[PDB]
């Protein structure tokens, strides 16, 4: 690499740039819709939802940095299963499942993807992402503490919500596997950093180590 030399790199960066900005976009509205569901923190959620909007602006600026055309059409079927499971769960008033999809599953996915990106990325893009990662780590802390205070009522639904959505993530990385290699990211390394971020969340929320192993493990991965 060492050169965002095009015709290999620009083909692949097109999908990845579309995926990251959509996830930023999909995270942005996602965060606010909890404000209905959760009364007290409704102003905290808007702020955090804003952070996602500039994050998206900034990764759009990474589209300015290079002559790259994104495509949301491939990018939105990527989140289709993840989106629909959030859409349905919010309609039923299941706040506990809702926090898991966004605050834990999506942010750990962001954390992992940004940390692996930092070293390999184009010099200009490196600056912009190194700033974004410490926000995401706070994002995660929002769900961590809420579920911590509501552990005993939320535990049984948290287990259920993990079994259905965590497999999606295994599958999602495999679709992107060959693209991420083009940019100097290994598929294996991405999975490792998601598990570390995810297992750090679960442990603080209150799960014991034995539970954590079974739960992290879902998906044939």
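Positions refer to the first chain, counted from 1.
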Seminar exercise, completed: Mean B factor on CA atoms, stretches 104 to 112 and 69 to 77, record says higher is 69 to 77
Exercise. If you average the Cα B factors in the entry, which is higher, 23 to 31 or 160 to 168?
Worked result: 23 to 31
Problem set entry | Identity of residue with top Cα B-factor, from 193, 186, 152, 44 | 44
For this session: Could you say whether, by C-alpha temperature factor, residue 12 belongs to the lowest, middle or highest third of its chain?
Result: highest
For this session: State the tercile, meaning the lowest, middle or highest third, of residue 99 with respect to the CA B-factors recorded for its chain.
Result: lowest
For this session: Within this chain's modelled residues, let me know which third the CA B factor of residue 2 belongs to: lowest, middle or highest.
Result: highest
